[PDB]
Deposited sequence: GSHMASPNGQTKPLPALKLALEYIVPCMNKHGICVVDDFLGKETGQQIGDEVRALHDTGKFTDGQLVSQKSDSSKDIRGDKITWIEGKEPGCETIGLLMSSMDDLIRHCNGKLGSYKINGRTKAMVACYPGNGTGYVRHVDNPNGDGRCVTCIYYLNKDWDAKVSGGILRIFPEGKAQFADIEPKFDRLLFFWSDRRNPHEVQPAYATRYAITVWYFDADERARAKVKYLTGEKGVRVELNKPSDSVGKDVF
């Protein structure tokens, strides 16, 4: 839970040592209240104008279906997503300044942003691993936007189950909080049921080597003969 600061200072004095020791790192006050609020306004606008999906099918008469986390993929260049793009550029700055110091990984790319909205209907996200099968993602980066979140009332804690340790790491989805954690089986995790609207923005960073050999395993095409 570091206190945010120049991307370099954050990276060098906190993110790198913490990731190498624990594999889970939390930075509070990452962008500040004004920018964080602008991001919140953008995400809420996406929600209000219908850009999210209807939500993960949780319970399947279709009228009674229960849906959970809603998502939209954001590049950061869309009209009205400018400050999300600024967040993504800031995440990228941090990771660049971590180059070669995050384990033995060499990060050379990332996904688009996955913006998630838990609608507050008691749904969460079941325990899972982000990259269980070697798809190239080495670091999960999540930015939370929920002002005055109170988990005692609203739920929505991200619980991580660090491998080989008999303990939970419970992360409240607090406003302006940035979370990094290794994407692989070291960090299974779940979202506890959320009883208020809960937003988060996720990017995953690729390790060059794992991603290069995933491409071979994945095999999307192909050159014609």
| query | finding |
| --- | --- |
| Segments lacking C-alpha coordinates (deposited sequence numbering, starting at 1) | 1-7, 12-13, 70-71, 233-236, 241-252 |
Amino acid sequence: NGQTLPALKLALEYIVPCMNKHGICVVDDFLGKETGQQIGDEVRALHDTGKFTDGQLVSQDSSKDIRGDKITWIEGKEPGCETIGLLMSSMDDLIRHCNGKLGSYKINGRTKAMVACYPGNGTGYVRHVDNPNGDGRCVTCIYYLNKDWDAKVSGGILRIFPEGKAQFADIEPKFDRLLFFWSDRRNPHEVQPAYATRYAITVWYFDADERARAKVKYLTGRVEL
From here on, numbers count along this sequence of modelled residues.
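Here, rigid core means the biggest group of C-alpha atoms that superpose within 1.5 Å across both forms.
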| property | result |
| --- | --- |
| Segment of greater CA departure in 5 other deposited structures of this protein, 23-31 or 165-173, core superposed | 165-173 |
| More variable segment, 68-76 or 107-115 [Cα RMS over structures in 5 other deposited structures of this protein, core-superposed] | 68-76 |
| Mean C-alpha temperature factor, higher of 37-45 and 171-179 | 37-45 |
| Given 199-207 and 212-220, the range whose Cα B-factors average higher in the PDB entry | 212-220 |
| Top Cα B factor in the deposited entry, candidates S154, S104, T140, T123 | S104 |
| C-alpha B-factor winner, where the candidates are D135, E78, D92, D130 | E78 |
| Third of chain Cα B-factors occupied by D184 | lowest |
| Relative C-alpha B-factor of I15, binned into the chain's lowest, middle or highest third | middle |
| CA B-factor placement of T53, once the chain's modelled residues are sorted into thirds | middle |
| For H97, the third of its chain into which the C-alpha B factor falls | highest |
| Position of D65 among the chain's modelled residues by C-alpha B-factor, lowest, middle or highest third | highest |
